[PDB]
Structures are given as C-alpha cells and as structure tokens.
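Asker: Quick one: the structure is below, and I'll ask about it shortly.
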Amino acid sequence: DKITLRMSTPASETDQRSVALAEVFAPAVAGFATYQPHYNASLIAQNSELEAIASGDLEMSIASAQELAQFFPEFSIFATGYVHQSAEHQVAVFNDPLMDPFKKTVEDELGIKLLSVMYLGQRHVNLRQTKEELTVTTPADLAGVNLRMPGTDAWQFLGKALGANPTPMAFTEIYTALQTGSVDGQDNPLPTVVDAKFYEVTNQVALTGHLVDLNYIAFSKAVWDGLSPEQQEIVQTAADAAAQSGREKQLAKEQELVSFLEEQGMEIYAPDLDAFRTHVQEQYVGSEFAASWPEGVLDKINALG
Ligand SMILES: O=C(O)[C@@]1(O)C[C@@H](O)[C@@H](O)[C@@H]([C@H](O)CO)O1
C-alpha cells in the first residue's frame with residue numbers, strides 16, 4: 001500500500017510551485033507514495049494548513065514564514081520587508097546552520113518538517129488606480145490606500161509599514177475584491193498577477209520590491225519518520241528538485257511578464273526604493289517583530305547576501 005500525500009494550497013493548478021510539485025515531486029515518490037493535491041484552498045483554508053498537518057488531516061503544504069510566525073514569532077525574521085535579496089539568497093539562508101533551530105522547533109512542536117525552500121517572488125504594490133490617478137514615489141503616496149494583505153499579523157504589519165492601510169483577506173477572495181473595488185490593491189508577485197488575472201481588474205504595478213518572498217515545502221514528520229532511509233532520501237531529493245525547477249521557471253516568468261502586463265495596458269514603474277527601504281526599516285524598529293528575532297540572526301542573513 002502506498003502512502004497518500006494530501007497537499008492543500010490556495011495556489012492555482014497552474015502556479016509554477018504547484019506545477020513543480022505535480023511534475024517533479026510526485027513522479028519521484030510514486031513508487032511508495034501517491035501525491036494528492038488540492039488547489040484554490042478547496043480543502044483547507046489559507047493559514048490553517050500547518051494545523052491540519054499537525055492534526056493528521058493533511059500531509060504536505062506550501063507554507064510560509066508568516067504562517068509559521070503565527071506559532072513561533074521568531075520566524076517573522078524571514079518575512080521581514082527588504083531582508084531577503086534574491087532567490088539565491090533565500091537558499092543560502094535556508095541551508096545555513098542558522099536555520100537549524102528554526103527547523104527543529106517546527107519538528108518538535110508542530111510535528112512538521114520543512115524539507116525545502118521555494119521561491120515565490122518579488123512582491124510589489126498592484127493598484128486599481130492608474131499611475132496618473134496615483135503615482136507611487138514614496139511611502140507618503142500610499143496614505144489611505146486600502147491594500148489587501150494576507151490574514152496574519154506579520155503580513156498586515158508589512159502592508160502598514162509600506163504606508164498603506166492594510167486589510168486582511170484570503171488569497172482566493174482577491175480577484176472579486178478588486179473587481180468590486182472593495183480594496184484598492186494587492187501585492188502578489190508578477191507571475192501570480194498574471195496567473196490569477198489580477199491585471200484584468202487593476203491598472204498599475206509600483207515596483208516596490210518590498211518582499212522577495214518564499215515558501216517552504218512542509219511535510220508531516222510522522223509520515224517522514226515511518227519512511228525507510230532510502231525513501232527519506234528520495235522524498236528530500238524530490239522536494240529539492242521541485243523547488244529548484246519551480247524557482248527557475250518562476251524567475252523566468254518574472255522576467256518575461258513585465259512586457260505582457262504592459263501590453264495589457266498596465267503601467268509598471270519603480271518608486272524611490274531608497275525612500276521605501278529606509279521607511280520600512282524604521283517601521284520595524286520598536287516593533288514586536290523586531291523583538292522576536294534571535295540574537296545575531298539578522299546580521300548572519302545580511303552577510304549571506
Ligand atoms: O495570500 C497571498 O497573497 C500569498 O501570496 C501568500 C503566500 O504566503 C502564499 O500563501 C500564497 C498562496 O500560495 C497563493 O499563491 O498566497
């Protein structure tokens with residue numbers, strides 16, 4: 001009997017992360033495990049997947065530092081505006097010994113292994129307003145903008161730190177919120193802007209680049225522990241191979257889609273990034289998030305970039 005591996009994500013079927021797991025991870029483990037993905041948060045709500053793995057109702061998810069920070073506030077360090085520099089930097093950080101205690105905490109306290117880090121992409125402010133209606137140059141320009149952000153404290157804080165007035169909303173609700181004007185904008189990376197067709201209901205992207213964002217491939221520790229050494233090696237290899245494939249494809253999308261978006265009439269332009277970075281840094285000073293970061297870890301992350 002093969003082990004069933006149920007995976008739940010709010011991501012679509014066509015998202016590069018989903019594709020990588022389905023086309024690279026799934027066939028590699030198929031000899032002993034059957035991958036069973038659920039997209040669009042049909043099975044488990046966004047931000048409830050970790051709990052579902054811990055409670056034996058799910059085996060895998062595409063988790064985030066923000067989701068983990070709900071349980072272990074120190075994970076907020078990996079979800080902090082302007083800290084990660086690139087996809088390559090994320091990999092260096094995840095593989096550095098600094099990550100060891102973070103990984104151990106999740107295993108010991110949630111019964112979940114973080115197998116791999118995946119690249120999600122550069123988050124930017126995507127607004128319904130045209131550039132002429134609202135030009136984003138400094139954080140002051142986002143005053144009073146109702147910016148959707150995902151529903152966790154660290155996510156809301158990031159939206160606030162940009163200068164906007166964040167509102168929490170599940171990923172699957174964004175399109176309709178933009179269509180009806182219940183929010184002014186959202187911040188998913190360009191491949192998602194296209195995949196989810198947010199460009200049909202917005203007019204600009206201000207390239208704030210405020211979070212070079214990532215996910216983790218989360219995997220039940222109970223399942224892992226029941227696998228043979230050979231099977232564990234295959235699962236780890238399959239997860240890393242999927243992350244690597246997805247990363248390359250996501251980066252390619254990120255490069256090519258600017259022109260596609262502009263062809264759809266989107267205005268895509270950079271603000272004053274020095275001004276944004278400086279402002280966001282000072283927003284974190286004095287915050288609960290800053291106080292949760294273990295000694296020396298931020299400096300270590302910086303040095304790896
Ligand atoms: O809700 C989102 O905007 C977000 O980008 C948050 C990410 O952590 C991740 O959960 C993502 C989903 O995978 C959908 O792409 O949604």
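So you can find residues: chains in the structure tokens are A, B, ... in the order shown, residues in each start at 1, and ligands are numbered from 1 in order.
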Just want the residues within 10 Å of ligand 1, written as a compact mmCIF listing (two decimals) with N, CA and C atoms, in the first residue's frame, counting only C-alpha atoms and all ligand atoms.
Answerer:
```txt
# COMPACT_ATOMS: atom_id res chain seq x y z
N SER A 8 -2.53 20.71 0.40
CA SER A 8 -3.52 21.77 0.20
C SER A 8 -2.84 23.12 0.10
N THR A 9 -3.28 23.90 -0.88
CA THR A 9 -2.77 25.25 -1.07
C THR A 9 -3.85 26.13 -1.64
N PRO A 10 -3.80 27.44 -1.34
CA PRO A 10 -4.66 28.40 -2.04
C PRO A 10 -4.22 28.65 -3.49
N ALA A 11 -3.00 28.26 -3.83
CA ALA A 11 -2.49 28.44 -5.18
C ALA A 11 -3.31 27.67 -6.17
N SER A 12 -3.26 28.15 -7.40
CA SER A 12 -3.93 27.52 -8.51
C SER A 12 -3.16 26.30 -8.99
N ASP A 15 0.02 27.57 -11.12
CA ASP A 15 1.12 28.24 -10.44
C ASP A 15 2.40 27.39 -10.56
N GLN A 16 3.55 28.03 -10.78
CA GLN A 16 4.79 27.29 -11.00
C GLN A 16 5.16 26.40 -9.81
N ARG A 17 4.79 26.81 -8.60
CA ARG A 17 5.05 25.96 -7.44
C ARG A 17 4.21 24.68 -7.49
N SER A 18 2.94 24.84 -7.83
CA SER A 18 2.04 23.70 -7.97
C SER A 18 2.53 22.77 -9.07
N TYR A 39 -6.15 22.37 -4.82
CA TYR A 39 -5.83 23.75 -5.14
C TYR A 39 -6.94 24.72 -4.76
N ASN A 40 -6.63 26.01 -4.80
CA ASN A 40 -7.61 27.06 -4.58
C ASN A 40 -8.26 27.01 -3.20
N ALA A 41 -7.53 26.47 -2.23
CA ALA A 41 -7.98 26.37 -0.85
C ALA A 41 -9.33 25.69 -0.75
N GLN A 46 -6.56 28.90 3.74
CA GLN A 46 -5.25 29.52 3.86
C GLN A 46 -4.96 29.88 5.32
N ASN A 47 -3.75 29.52 5.76
CA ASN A 47 -3.28 29.69 7.13
C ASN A 47 -3.72 28.63 8.12
N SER A 61 2.14 20.86 2.61
CA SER A 61 1.62 22.16 2.22
C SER A 61 2.74 23.06 1.71
N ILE A 62 2.34 24.15 1.07
CA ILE A 62 3.26 25.17 0.60
C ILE A 62 3.15 26.29 1.62
N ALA A 63 3.98 26.18 2.66
CA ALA A 63 3.85 27.02 3.84
C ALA A 63 4.68 28.28 3.68
N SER A 64 4.58 29.17 4.66
CA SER A 64 5.31 30.43 4.61
C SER A 64 5.88 30.75 5.98
N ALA A 65 6.86 31.63 6.03
CA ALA A 65 7.39 32.12 7.29
C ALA A 65 6.30 32.82 8.10
N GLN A 66 5.42 33.55 7.41
CA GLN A 66 4.30 34.22 8.07
C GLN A 66 3.35 33.22 8.75
N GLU A 67 3.02 32.13 8.06
CA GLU A 67 2.16 31.11 8.66
C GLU A 67 2.84 30.54 9.91
N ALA A 79 10.28 36.92 7.12
CA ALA A 79 9.12 37.56 6.49
C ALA A 79 9.21 39.07 6.60
N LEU A 120 8.88 32.28 -4.25
CA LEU A 120 7.57 32.80 -4.65
C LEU A 120 7.75 34.01 -5.56
N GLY A 121 8.56 34.97 -5.14
CA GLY A 121 8.88 36.08 -6.00
C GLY A 121 8.84 37.43 -5.33
N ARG A 123 7.42 40.77 -4.36
CA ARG A 123 6.12 41.38 -4.14
C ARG A 123 6.19 42.89 -4.42
N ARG A 148 -4.93 45.18 0.32
CA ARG A 148 -5.16 43.83 0.81
C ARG A 148 -3.81 43.24 1.13
N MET A 149 -3.74 42.54 2.26
CA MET A 149 -2.61 41.69 2.62
C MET A 149 -3.19 40.41 3.21
N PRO A 150 -2.41 39.31 3.20
CA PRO A 150 -2.94 38.08 3.79
C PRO A 150 -3.22 38.22 5.27
N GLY A 151 -3.99 37.28 5.81
CA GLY A 151 -4.52 37.41 7.16
C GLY A 151 -3.65 36.90 8.30
N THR A 152 -2.44 37.45 8.44
CA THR A 152 -1.65 37.22 9.65
C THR A 152 -1.06 38.53 10.11
N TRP A 155 1.95 39.80 8.11
CA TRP A 155 1.55 40.26 6.79
C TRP A 155 0.90 41.64 6.85
N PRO A 168 -7.12 42.50 5.93
CA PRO A 168 -6.87 41.07 5.74
C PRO A 168 -7.90 40.40 4.86
N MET A 169 -7.45 39.57 3.93
CA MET A 169 -8.36 38.83 3.08
C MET A 169 -7.65 37.60 2.55
N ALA A 170 -8.37 36.49 2.49
CA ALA A 170 -7.83 35.26 1.91
C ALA A 170 -7.48 35.44 0.44
N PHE A 171 -6.43 34.74 0.00
CA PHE A 171 -5.97 34.83 -1.37
C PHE A 171 -7.09 34.63 -2.40
N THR A 172 -7.95 33.64 -2.18
CA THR A 172 -8.96 33.30 -3.18
C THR A 172 -10.03 34.37 -3.34
N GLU A 173 -10.05 35.35 -2.43
CA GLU A 173 -11.06 36.40 -2.47
C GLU A 173 -10.59 37.69 -3.13
N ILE A 174 -9.32 37.74 -3.50
CA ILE A 174 -8.71 38.97 -4.00
C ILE A 174 -9.35 39.44 -5.30
N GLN A 186 -3.34 44.98 -4.12
CA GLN A 186 -2.78 43.76 -3.51
C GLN A 186 -1.30 43.71 -3.89
N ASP A 187 -0.55 42.70 -3.44
CA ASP A 187 0.91 42.77 -3.61
C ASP A 187 1.59 41.47 -4.08
N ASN A 188 0.84 40.53 -4.62
CA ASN A 188 1.45 39.29 -5.09
C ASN A 188 2.43 39.52 -6.22
N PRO A 189 3.41 38.62 -6.34
CA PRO A 189 4.41 38.77 -7.40
C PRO A 189 3.81 38.68 -8.79
N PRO A 191 4.19 36.81 -11.52
CA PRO A 191 3.64 35.58 -12.09
C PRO A 191 2.24 35.28 -11.55
N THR A 192 1.95 35.67 -10.32
CA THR A 192 0.62 35.49 -9.73
C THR A 192 -0.35 36.53 -10.26
N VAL A 193 0.12 37.76 -10.43
CA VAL A 193 -0.71 38.78 -11.02
C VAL A 193 -1.26 38.30 -12.35
N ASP A 195 -1.18 34.85 -13.49
CA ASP A 195 -1.85 33.57 -13.34
C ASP A 195 -3.29 33.73 -12.84
N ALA A 196 -3.48 34.63 -11.87
CA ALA A 196 -4.80 34.87 -11.27
C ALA A 196 -5.59 35.97 -11.98
N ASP A 213 9.86 37.04 -1.72
CA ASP A 213 9.08 36.15 -0.87
C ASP A 213 9.35 34.69 -1.22
N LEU A 214 9.08 33.84 -0.23
CA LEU A 214 9.41 32.43 -0.26
C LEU A 214 8.32 31.60 0.38
N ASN A 215 8.38 30.30 0.10
CA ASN A 215 7.57 29.31 0.79
C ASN A 215 8.46 28.16 1.24
N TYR A 216 7.92 27.32 2.11
CA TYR A 216 8.58 26.08 2.49
C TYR A 216 7.72 24.91 2.05
```
Asker: Which residues are close to residue 184 (chain A), i.e. within 9 Å by only C-alpha atoms, leaving aside same-chain residues fewer than 4 positions away? Reply as number ranges by chain.
Answerer: A: 126-129, 145-148, 177-178, 202
Asker: Between CA of residue 57 (chain A) and CA of residue 35 (chain A), measure the distance and give it in Å to one decimal.
Answerer: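 Here the two named atoms are 14.3 Å from each other.
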Asker: Taking the DSSP secondary structure from the backbone, can you list the residues of region 55-109 of chain A that are strand (DSSP E), as a PyMOL selection string?
Answerer: chain A and resi 60-63
Asker: Smallest atom-to-atom distance to residue 302 (chain A): which of A:2, A:253, A:160, A:84, using only C-alpha atoms?
Answerer: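 Nearest to residue 302 (chain A): A:84.
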Asker: For residue 235 (chain A), work out the shell of residues within 9 Å, counting only C-alpha atoms and skipping chain neighbours fewer than 5 positions away, then give it as a list in words.
Answerer: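 In the requested form, the answer reads residues 25, 28, 29, 115, 224, 230 and 240 of chain A.
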Asker: Can you write out the residues you just picked, keeping N, CA and C atoms, as a compact mmCIF listing (two decimals), in the first residue's frame?
Answerer:
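Just written: out_25.txt:
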```txt
# COMPACT_ATOMS: atom_id res chain seq x y z
N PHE A 25 8.05 16.52 -8.09
CA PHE A 25 7.97 15.81 -6.82
C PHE A 25 7.16 14.52 -6.91
N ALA A 28 8.62 11.30 -8.66
CA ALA A 28 9.80 10.78 -7.96
C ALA A 28 9.44 9.86 -6.79
N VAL A 29 8.34 10.16 -6.11
CA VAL A 29 7.95 9.39 -4.93
C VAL A 29 6.88 8.34 -5.25
N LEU A 115 11.12 20.72 4.39
CA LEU A 115 12.06 20.00 3.52
C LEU A 115 12.90 20.92 2.66
N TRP A 224 7.21 11.13 7.60
CA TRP A 224 8.66 11.08 7.36
C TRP A 224 9.32 9.99 8.19
N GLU A 230 16.04 4.94 2.50
CA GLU A 230 16.03 5.12 1.06
C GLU A 230 14.87 6.04 0.65
N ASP A 240 13.57 19.02 -3.08
CA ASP A 240 14.59 19.97 -3.52
C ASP A 240 14.58 20.13 -5.05
```
Asker: Can you tell me how far CA of residue 281 (chain A) sits from CA of residue 251 (chain A), in Å to one decimal?
Answerer: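 These atoms are spaced 25.9 Å apart.
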Asker: When distances are computed from only C-alpha atoms, which of A:136, A:301, A:291, A:206 shows the smallest separation from residue 95 (chain A)?
Answerer: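 With only C-alpha atoms as the atom set, the closest residue is A:301.
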Asker: When DSSP works through the backbone of this structure, what residues of region 80-303 of chain A end up as alpha helix (DSSP H), shown as a ChimeraX atom specification?
Answerer: /A:87-95,100-110,153-161,174-180,190-195,221-226,229-263,273-284,288-292,297-303
Asker: Between A:163, A:296, A:111, A:31, which one has atoms that come closest to residue 139 (chain A), using only C-alpha atoms?
Answerer: A:163
Asker: Go ahead and compute the interatomic distance for CA of residue 140 (chain A) and CA of residue 164 (chain A), in Å to one decimal.
Answerer: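 We find that CA of residue 140 (chain A) and CA of residue 164 (chain A) lie 8.5 Å from each other.
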